[PDB]
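Student:
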Amino acid sequence: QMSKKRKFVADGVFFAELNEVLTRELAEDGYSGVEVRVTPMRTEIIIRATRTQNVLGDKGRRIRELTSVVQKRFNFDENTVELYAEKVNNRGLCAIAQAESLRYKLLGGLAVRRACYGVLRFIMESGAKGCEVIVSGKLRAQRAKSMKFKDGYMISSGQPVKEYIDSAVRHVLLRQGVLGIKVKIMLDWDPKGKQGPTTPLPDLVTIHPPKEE
Amino acid sequence: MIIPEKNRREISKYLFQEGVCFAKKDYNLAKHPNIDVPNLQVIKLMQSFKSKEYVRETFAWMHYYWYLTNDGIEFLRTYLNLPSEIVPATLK
Amino acid sequence: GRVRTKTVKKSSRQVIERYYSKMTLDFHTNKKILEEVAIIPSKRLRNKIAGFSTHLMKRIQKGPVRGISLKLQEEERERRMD
Amino acid sequence: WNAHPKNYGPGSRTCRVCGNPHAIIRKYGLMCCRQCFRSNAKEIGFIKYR
Amino acid sequence: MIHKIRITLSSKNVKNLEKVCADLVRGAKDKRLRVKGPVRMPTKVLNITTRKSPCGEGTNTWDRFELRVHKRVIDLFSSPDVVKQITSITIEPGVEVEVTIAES
RNA sequence: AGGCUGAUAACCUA
RNA sequence: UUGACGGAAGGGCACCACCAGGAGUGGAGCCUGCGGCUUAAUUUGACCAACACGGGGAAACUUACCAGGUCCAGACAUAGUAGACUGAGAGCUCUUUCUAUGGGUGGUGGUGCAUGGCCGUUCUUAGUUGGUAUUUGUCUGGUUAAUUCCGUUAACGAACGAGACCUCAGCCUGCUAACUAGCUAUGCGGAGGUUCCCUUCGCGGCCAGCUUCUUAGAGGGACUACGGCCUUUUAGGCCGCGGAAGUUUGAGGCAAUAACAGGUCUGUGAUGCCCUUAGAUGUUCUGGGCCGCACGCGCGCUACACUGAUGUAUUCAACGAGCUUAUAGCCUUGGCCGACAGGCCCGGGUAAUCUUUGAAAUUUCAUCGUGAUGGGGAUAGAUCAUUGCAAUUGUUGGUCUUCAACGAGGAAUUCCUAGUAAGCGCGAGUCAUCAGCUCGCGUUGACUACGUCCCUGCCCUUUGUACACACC
Ligand SMILES: *[C@@H]1O[C@H](CO)[C@@H](O)[C@H](O)[C@H]1O
Ligand SMILES: [K+]
Ligand SMILES: [K+]
Ligand SMILES: [K+]
Ligand SMILES: [K+]
Ligand SMILES: [K+]
Ligand SMILES: [K+]
Ligand SMILES: [K+]
Ligand SMILES: [K+]
Ligand SMILES: [Mg+2]
Ligand SMILES: [Mg+2]
Ligand SMILES: [Mg+2]
Ligand SMILES: [Mg+2]
Ligand SMILES: [Mg+2]
Ligand SMILES: [Mg+2]
Ligand SMILES: [Mg+2]
Ligand SMILES: [Mg+2]
Ligand SMILES: [Mg+2]
Ligand SMILES: [Mg+2]
Ligand SMILES: [Mg+2]
Ligand SMILES: [Mg+2]
Ligand SMILES: [Mg+2]
Ligand SMILES: [Mg+2]
Ligand SMILES: [Mg+2]
Ligand SMILES: [Mg+2]
Ligand SMILES: [Mg+2]
Ligand SMILES: [Mg+2]
Ligand SMILES: [Mg+2]
Ligand SMILES: [Mg+2]
Ligand SMILES: [Mg+2]
Ligand SMILES: [Mg+2]
Ligand SMILES: [Mg+2]
Ligand SMILES: [Mg+2]
Ligand SMILES: [Mg+2]
Ligand SMILES: [Zn+2]
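Taken in sequence, the protein lines are chains D, F, I, N and L. Here the entry's author numbering runs 6 ahead of the position in the first sequence, where the first position is 1. Residue 69 in the entry's author numbering is what sits at position 69 of the second sequence, and the numbering runs on without skipping anything. Here the entry's author numbering runs 1 ahead of the position in the third sequence, where the first position is 1. Here the entry's author numbering runs 6 ahead of the position in the fourth sequence, where the first position is 1. Here the entry's author numbering runs 19 ahead of the position in the fifth sequence, where the first position is 1.
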């Protein structure tokens with residue numbers, strides 16, 4: 007038995023470490039996040055990935071390996087933890103998925119200008135209020151510089167950034183050094199709460215149209 | 001790395017019995033938490049498998065994560081001399 | 002200082018444009034009207050809009066204002082000139 | 007080999023994320039160095055309010 | 020026959036914690052059980068203050084990190100089986116439910 | 001020797 | 001043409017500017033960081049925006065440095081065939097029962113002027129940008145903390161920053177409701193005073209009641225609303241009632257464009273190239289060093305006393321933190337032993353439950369009496385205990401003794417506008433032991449101003465320019 011303070015910290019450290027382990031094991035499977043749903047008699051781990059068919063493996067072989075190694079590593083009782091793969095509903099509104107998408111294009115050899123506009127164009131087609139892609143490093147010359155690709159709406163300051171901005175940072179290990187990818191997607195107000203935050207922007211005021219009855 | 005033949009079997013037995021293994025990057029640790037073999041001998045032996053593609057390696061937060069591959073299962077069966085119908089726990 | 006920004010001034014004029022009949026010269030009644038006829042995210046923003054609109058209602062009483070288009074008031078002026 | 011006692015002091019403790027021995031945060035049992043904690047703070051559940 | 024059962028709820032999310040507390044009190048008022056609570060313990064504010072810079076150069080700026088823990092205590096006067104029925108409902112994520120027989 | 005100056009000269013102090 | 005600059009002009013602005021002041025710092029002793037010197041080594045980064053900074057309070061470890069001894073923790077692939085010494089029997093013999101080649105791996109090795117990320121800074125100011133050489137938009141004027149607004153108008157309509165926003169604090173005798181928070185009443189009991197009665201204290205009641213005090217959810221509350229006056233019909237400003245609150249109520253968090261060869265390769269299983277890789281720059285072990293002392297500098301601590309020191313009596317916080325239970329590893333009550341330091345025993349607490357019944361300055365009475373004095377407590381001797389595997393180059397904590405400079409600090413210079421400055425202590429980080437540091441917390445509680453552009457800078461406009469590496 008440990009105190010509440012340490013138990014909550016220990017739960018946060020488990021989530022942070024699990025995400026890192028999956029971020030590297032499932033790097034090339036579109037890994038976009040994880041949700042840890044601890045319940046009586048069972049803790050459920052839901053893995054979000056754009057390409058779920060590669061996370062499950064042939065006849066679920068890989069998802070069973072991940073479950074087994076996770077249970078042993080984190081001192082779980084056998085058959086008391088489950089891993090479930092899941093697909094990202096709107097791949098173009100997830101910055102972590104777009105940052106990894108841009109990463110593999112650059113590794114493959116696609117030009118930076120062309121690759122960054124492909125992501126920028128795809129995100130705006132998916133129904134985003136705006137987007138911004140930044141690539142930094144040794145692009146062609148020995149000296150480093152930054153290229154910024156921006157489109158649409160964006161905010162930087164205040165509380166709304168936490169709810170409306172979806173940002174990710176990734177490193178690309180190229181032959182001449184490391185490029186830095188930053189994808190920053192501004193979401194749109196979704197009252198249903200699925201595509202974006204349900205709470206509106208603080209400065210957005212809406213006047214109801216009067217009725218003639 | 002001169003692993004005793006008795007310790008070598010335990011690693012292969014455990015690795016074949018369960019298609020995954022893990023270790024903390026701590027060479028001083030006396031015993032592996034899942035095998036009597038010393039922690040270092042587990043890390044070095046599965047480094048040999050990694051170079052022969054018998055396992056797939058992941059590292060994060062000071063821990064190794066190894067996963068058996070199809071070739072690794074083929075090799076371990078001959079080494080352990082077990083019936084061809086037996087498979088690791090992850091394949092069932 | 003206490004200068005109202007475009008958010009407060011713009012919203013206040015729109016409210017008075019299409020709810021001039023409902024609005025009154027009382028701040029406390031006007032801020033209950035804004036809850037009914039508008040979606041203002043924060044209470045502090047709602048108070049500033051209600052206070053400035055109440056200021057604009059007093060302006061309209063004495064005469065015409067620049068950025069507010071009151072159709073019924075406009076029709077009265079047209080009849081006067083014609 | 008590794009005979010020297012390692013029951014207390016900086017040499018006994020290391021960062022759980024990176025393994026570095028410096029600037030370890032031991033409060034609440036975090037056992038992370040100050041640089042790794044700032045990177046992982048949001049995921050752990052810590053937040054900046056003021 | 021009737022015993023004072025103590026239910027303790029902990030969470031970082033206030034809205035989820037308050038939602039589960041209402042679901043339990045309202046779920047027990049349907050069975051006409053006597054309910055004491057929810058009692059809100061003082062909020063625990065874990066605090067880590069750390070240097071922003073990964074090196075020691077520049078103005079010494081600090082980040083104050085806070086992790087708030089909210090705790091609720093509900094006492095239900097009923098049998099363990101009935102309480103097990105009320106608490107068995109699905110609980111919101113991040114809310115930790117803990118049922119114990121009050122030592123009185 | 002200190003101070004003044006980003007620094008030197010000049011200047012000021014001991 | 002755009003910028004930058006000007007000992008050019010105009011407008012505006014900032015306690016990292018000044019003014020009016022407060023506390024000081026600079027002088028003394030000491031603590032700690034930097035340079036220099038010394039050294040086997042005294043590892044190293046950094047020079048407004050380095051110098052109690054690298055969370056860098058190093059006994060070992062840390063550790064990068066120095067003197068030495070080990071170990072392989074050299075995957076994979078190819079081809080070949082009891083003694084002597086010693087710091088220590090560590091290794092090497094005795095006794096008992098791998099070698100090339102490529103290719104890797106490790107490295108607190110080098111390059112932050114090859115990089116990612118993060119952070120600092122320009123820059124706390126209000127600034128920046130599309131669509132339809134460069135410019136207009138983005139403005140003469142008024143106004144604002146604000147490129148904030150009102151208006152002007154060859155622009156119109158938008159995007160960022162600002163504001164909004166989020167957190168904490170301030171009001172609620174209203175809502176929700178509490179045996180881990182209390183109050184009031186009542187019952188019983190103790191003590192005092194006059195059997196009732198009165199004062200006071202203790203205990204009890206999940207069927208005394210209740211939520212003022214405490215806790216924390218949901219809401220409410222301020223909008224400059226109202227009055228007077230001043231401003232252009234404006235935007236707005238000054239004063240005032242009421243009000244918990246009338247500076248965007250207070251304080252923070254977040255925070256644009258474009259930049260810097262700013263810092264970090266010594267946070268990282270971030271990383272290119274280079275170096276090294278078994279007489280190793282890998283790793284570990286022993287010992288020393290990082291602290292070494294003619295000297296210069298920076299952040300500080302303690303002081304020079306009577307508005308005090310000492311000895312009594314007395315008395316009021318807030319933020320927070322806490323264990324593997326092994327005899328017991330964390331915070332520790334109570335009892336006993338001891339002058340102290342500390343020790344033994346029974347326990348509580350994984351915590352609004354136990355530590356926590358929880359400070360100091362101050363208040364109060366006495367002593368001291370202007371004397372470097374009972375101010376000051378450096379330096380030093382003797383001795384005791386605690387942490388640790390280990391205390392010497394004193395880890396720290398006690399006891400007696402020793403009793404230095406310092407009598408308010410030159411040129412110069414920092415911070416600060418209200419629960420603030422200053423004083424006063426407390427928790428947390430580091431942590432086996434060690435706080436003169438840092439990050440927070442409360443307690444006591446002011447002087448002065450409500451301005452200005454004189455100094456140091458900043459923003460906008462006009463203007464000059466032979467500057468653009470941009471007046472260094
Ligand atoms: C990737 O997509 C998930 C979808 O749930 C979203 O939650 C993350 O914010 C995004 O990065
Ligand atoms: K002084
Ligand atoms: K400093
Ligand atoms: K950099
Ligand atoms: K009595
Ligand atoms: K770095
Ligand atoms: K490097
Ligand atoms: K570190
Ligand atoms: K002394
Ligand atoms: Mg904004
Ligand atoms: Mg803001
Ligand atoms: Mg001023
Ligand atoms: Mg100054
Ligand atoms: Mg002055
Ligand atoms: Mg002083
Ligand atoms: Mg001096
Ligand atoms: Mg001095
Ligand atoms: Mg500055
Ligand atoms: Mg050392
Ligand atoms: Mg050593
Ligand atoms: Mg080394
Ligand atoms: Mg390294
Ligand atoms: Mg640089
Ligand atoms: Mg109350
Ligand atoms: Mg409220
Ligand atoms: Mg800026
Ligand atoms: Mg440089
Ligand atoms: Mg040092
Ligand atoms: Mg300092
Ligand atoms: Mg004295
Ligand atoms: Mg008290
Ligand atoms: Mg004396
Ligand atoms: Mg020390
Ligand atoms: Mg320090
Ligand atoms: Zn770390």
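From the three backbone atoms N, C-alpha and C, an ideal C-beta is built for every residue, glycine too.
(1) Could you tell me whether the Cβ of residue 42 (chain D) comes closer than 8 Å to any Cβ of chain F?
(2) Counting along the chain, where does the alpha helix (DSSP H) carrying residue 23 (chain N) start and finish?
(3) I want to check one thing, is the minimum distance from the CB of residue 79 (chain L) to the heavy atoms of ligand 3 below 7 Å?
(4) Helix, strand or coil for residue 157 (chain D)? Go by DSSP, reduced to three states.
(5) With hydrogens ignored, establish whether the beta-carbon of residue 122 (chain D) is closer than 7 Å to any heavy atom of ligand 35.
(6) Going by Cα to Cα distance, which pick from L:123, L:41, L:118 and L:32 is closest to residue 104 (chain L)?
(7) Residue range of the alpha helix (DSSP H) that residue 58 (chain I) falls in?
(8) For the stretch 178-186 of chain D and the stretch 16-33 of chain I, state whether three or more C-beta atom pairs, one from each stretch, are separated by less than 8 Å.
(9) Kindly examine ligand 11 and report whether one of its heavy atoms sits closer than 7 Å to the Cβ of residue 2 (chain I).
(10) Quick check on residue 137 (chain D): does DSSP put it in helix, strand or coil?
(11) Note the first and the last residue of the continuous alpha helix (DSSP H) segment covering residue 22 (chain D).
(12) Taking only the alpha-carbon atoms, compute the straight-line gap between residue 58 (chain F) and residue 66 (chain F) and give it to the nearest angstrom.
(13) Have a look at N:54, N:50, N:45 and N:56 and flag the residue whose alpha-carbon is nearest the alpha-carbon of residue 174 (chain D).
(14) Look at the alpha carbon of residue 63 (chain L) and the alpha carbon of residue 145 (chain D), and state the distance between them as a whole number of angstroms.
(15) Note down, in chain order, each residue of its chain lying with its Cβ closer than 7 Å to the Cβ of residue 61 (chain D), except the 5 sequence neighbours on either side.
(16) Under a Cβ-count criterion, where at least 16 other Cβ atoms within 10 Å of its own Cβ denotes burial, should residue 73 (chain I) be classed as buried or exposed?
(17) I'd like to check one pair, residue 36 (chain L) with residue 14 (chain D): are the Cβ atoms closer than 8 Å?
(18) Using a Cβ-Cβ cut-off of 8 Å, state whether residue 46 (chain F) counts as contacting chain N.
(19) Quick one: grab the DSSP three-state call for residue 82 (chain I).
(20) For residue 46 (chain L), name the three-state secondary structure that DSSP assigns.
(21) 8 Å is my cut-off, CB to CB: does residue 56 (chain N) come that close to chain L?
(22) Can you pull every residue whose C-beta falls closer than 7 Å to some heavy atom of ligand 11, listed in chain order?
(23) Could you tell me which of I:11, I:4, I:5 and I:52 sits nearest to residue 212 (chain D), measuring between CA atoms?
(24) Do residue 24 (chain L) and residue 99 (chain L) have their beta-carbon atoms positioned less than 8 Å apart in this structure?
(25) Taking only the alpha-carbon atoms, compute the straight-line gap between residue 74 (chain L) and residue 42 (chain N) and give it to the nearest angstrom.
(26) Suppose you measure from the CA of residue 111 (chain D) to the CA of residue 72 (chain F); what does that come to, to the nearest Å?
(27) Using a Cβ-Cβ cut-off of 7 Å (strictly less than) and excluding sequence neighbours within five positions of residue 135 (chain D), which residues of its own chain qualify?
(28) Spell out the partners DSSP gives residue 103 (chain D) in its beta bridges.
(29) Find out if the Cβ-Cβ distance for the pair residue 94 (chain L), residue 55 (chain L) is shorter than 8 Å.
(30) Using DSSP with H/G/I as helix, E/B as strand and the rest coil, what is residue 10 (chain I)?
(31) Could you check the C-alpha separation between residue 36 (chain I) and residue 25 (chain I) for me, to the nearest Å?
(32) Identify the continuous alpha helix (DSSP H) that holds residue 45 (chain N) and give its terminal residues.
(33) Say whether the stretch 42-50 of chain D touches the stretch 73-88 of chain D, bearing in mind that this needs 3 or more beta-carbon pairs closer than 8 Å, one atom from each stretch.
(34) According to DSSP, is residue 35 (chain L) part of a helix, a strand, or is it coil?
(35) Can you give me the C-alpha to C-alpha distance between residue 31 (chain F) and residue 38 (chain F), rounded to a whole angstrom?
(36) Taking the alpha carbon of residue 55 (chain N) as the reference point, which residue from D:164, D:215 and D:207 has its own alpha carbon closest?
Tutor: On the basis of the coordinates in this document:
(1) Taking the first sequence and counting its residues from 1, the one referred to as residue 42 (chain D) is at position 36. Output row for residue 42 (chain D): interface = no.
(2) Looking up residue 23 (chain N) in the fourth sequence gives position 17. DSSP places residue 23 (chain N) in no alpha helix (DSSP H); its state is neither H nor E.
(3) Counted from its first residue, the fifth sequence places residue 79 (chain L) at position 60. For residue 79 (chain L), the shortest C-beta to heavy atom distance toward ligand 3 is below 7 Å.
(4) Taking the first sequence and counting its residues from 1, the one referred to as residue 157 (chain D) is at position 151. Judged by DSSP in its simplified three-state form, residue 157 (chain D) adopts strand.
(5) As a working note, residue 122 (chain D) is residue 116 in the first sequence. Residue 122 (chain D) has its CB no nearer than 7 Å to any heavy atom of ligand 35.
(6) Start at 1 with the first residue of the fifth sequence, and residue 104 (chain L) comes out as number 85. Nearest C-alpha to residue 104 (chain L): L:118.
(7) Here residue 58 (chain I) refers to the residue found at position 57 of the third sequence. According to the DSSP assignment, residue 58 (chain I) belongs to the alpha helix (DSSP H) that extends over 44-63.
(8) Because the criterion of three Cβ pairs below 8 Å is not met, the stretch 178-186 of chain D and the stretch 16-33 of chain I do not touch.
(9) Here residue 2 (chain I) refers to the residue found at position 1 when the third sequence is read from its first residue. No.
(10) On the first sequence, position 131 is the one that residue 137 (chain D) refers to. Looking at residue 137 (chain D) - three-state DSSP - the assignment turns out to be strand.
(11) As a first step, residue 22 (chain D) must be located in the first sequence, where it is residue number 16. For residue 22 (chain D), the enclosing alpha helix (DSSP H) starts and ends at 10-31.
(12) Locating residue 58 (chain F) in the second sequence gives position 58, counting from the first residue. Locating residue 66 (chain F) in the second sequence gives position 66, counting from the first residue. Distance between the alpha carbons of residue 58 (chain F) and residue 66 (chain F) is about 6 Å.
(13) Within the first sequence, the letter at position 168 stands for residue 174 (chain D). Answer by Cα proximity: N:45.
(14) Position 44 of the fifth sequence, counted from the start, is the residue given in the question as residue 63 (chain L). Position 139 of the first sequence, counted from the start, is the residue given in the question as residue 145 (chain D). Note on geometry: alpha-carbon atoms of residue 63 (chain L) and residue 145 (chain D) lie some 49 Å from one another.
(15) Position 55 of the first sequence, counted from the start, is the residue given in the question as residue 61 (chain D). Excluding residues within five positions, the ones whose Cβ falls inside 7 Å are 32, 35, 53, 55, 68, 69 and 91.
(16) The count along the third sequence starts at 1 and reaches residue 73 (chain I) at position 72. By the neighbour-count criterion, in which a residue is buried when 16 or more other Cβ atoms sit within 10 angstroms of its Cβ, residue 73 (chain I) is exposed.
(17) Residue numbering aside, residue 14 (chain D) sits at position 8 when the first sequence is read from its first letter. Residue numbering aside, residue 36 (chain L) sits at position 17 when the fifth sequence is read from its first letter. Taking a C-beta distance under 8 Å as the contact criterion, residue 14 (chain D) and residue 36 (chain L) do not qualify as a contact pair.
(18) To locate residue 46 (chain F), count along the second sequence from 1; it is residue 46. No, residue 46 (chain F) does not count as interfacial toward chain N.
(19) On the third sequence, position 81 is the one that residue 82 (chain I) refers to. Looking at residue 82 (chain I) - three-state DSSP - the assignment turns out to be helix.
(20) As a first step, residue 46 (chain L) is located in the fifth sequence; it is residue number 27 there, counting from the start. If DSSP states are grouped into helix, strand and coil, residue 46 (chain L) belongs with the helices.
(21) Along the fourth sequence, read from residue 1 onward, the residue named residue 56 (chain N) stands at position 50. Yes, residue 56 (chain N) lies at the interface with chain L (some Cβ there is under 8 Å from its Cβ).
(22) Taking each Cβ in turn, the ones that pass are D:163 and D:164.
(23) Here residue 212 (chain D) corresponds to residue number 206 of the first sequence, with the count starting at 1. The shortest CA-to-CA distance from residue 212 (chain D) to any of I:11, I:4, I:5 and I:52 is the one to I:11.
(24) As a first step, residue 99 (chain L) is located in the fifth sequence; it is residue number 80 there, counting from the start. As a first step, residue 24 (chain L) is located in the fifth sequence; it is residue number 5 there, counting from the start. Their beta carbons are under 8 Å apart, which means residue 99 (chain L) touches residue 24 (chain L) by this criterion.
(25) Mapped onto the fifth sequence, residue 74 (chain L) falls at position 55. Mapped onto the fourth sequence, residue 42 (chain N) falls at position 36. Whole-angstrom Cα-Cα distance: 13 Å.
(26) Sequence index remark: in the first sequence, residue 111 (chain D) carries index 105 (1-based). Sequence index remark: in the second sequence, residue 72 (chain F) carries index 72 (1-based). Their backbone Cα atoms lie some 32 Å apart in a straight line.
(27) The sequence position of residue 135 (chain D) within the first sequence is 129, counting from 1. Short of 7 Å from the beta carbon of residue 135 (chain D), and not among the five residues preceding or following it, lie these beta carbons of its own chain, in chain order: 158, 159, 192, 193 and 194.
(28) Locating residue 103 (chain D) in the first sequence gives position 97, where the first residue counts as 1. Bridge partners of residue 103 (chain D): none, in fact.
(29) On the fifth sequence, residue 94 (chain L) is found 75 positions in, with the first residue counted as 1. On the fifth sequence, residue 55 (chain L) is found 36 positions in, with the first residue counted as 1. Yes, these two residues count as a Cβ contact at 8 Å.
(30) Sequence index remark: in the third sequence, residue 10 (chain I) carries index 9 (1-based). Annotated three-state conformation of residue 10 (chain I) is helix, per DSSP.
(31) Numbered from its first residue, the third sequence carries residue 36 (chain I) at position 35. Numbered from its first residue, the third sequence carries residue 25 (chain I) at position 24. In this structure, the alpha-carbon of residue 36 (chain I) lies about 14 Å from that of residue 25 (chain I).
(32) Position 39 of the fourth sequence, counting from 1, holds the residue named residue 45 (chain N). Its alpha helix (DSSP H) spans residues 40-50.
(33) With a cut-off of 8 Å, the stretch 73-88 of chain D and the stretch 42-50 of chain D count as touching, because enough Cβ pairs lie within range.
(34) Taking the first residue of the fifth sequence as position 1, residue 35 (chain L) is located at position 16. The DSSP-derived three-state label of residue 35 (chain L) is helix.
(35) The residue you call residue 31 (chain F) lines up with position 31 of the second sequence. The residue you call residue 38 (chain F) lines up with position 38 of the second sequence. The straight-line gap separating the alpha-carbon atoms of residue 31 (chain F) and residue 38 (chain F) is approximately 4 Å.
(36) Looking up residue 55 (chain N) in the fourth sequence gives position 49. Ranked by Cα distance from residue 55 (chain N), the options D:164, D:215 and D:207 are led by D:164.
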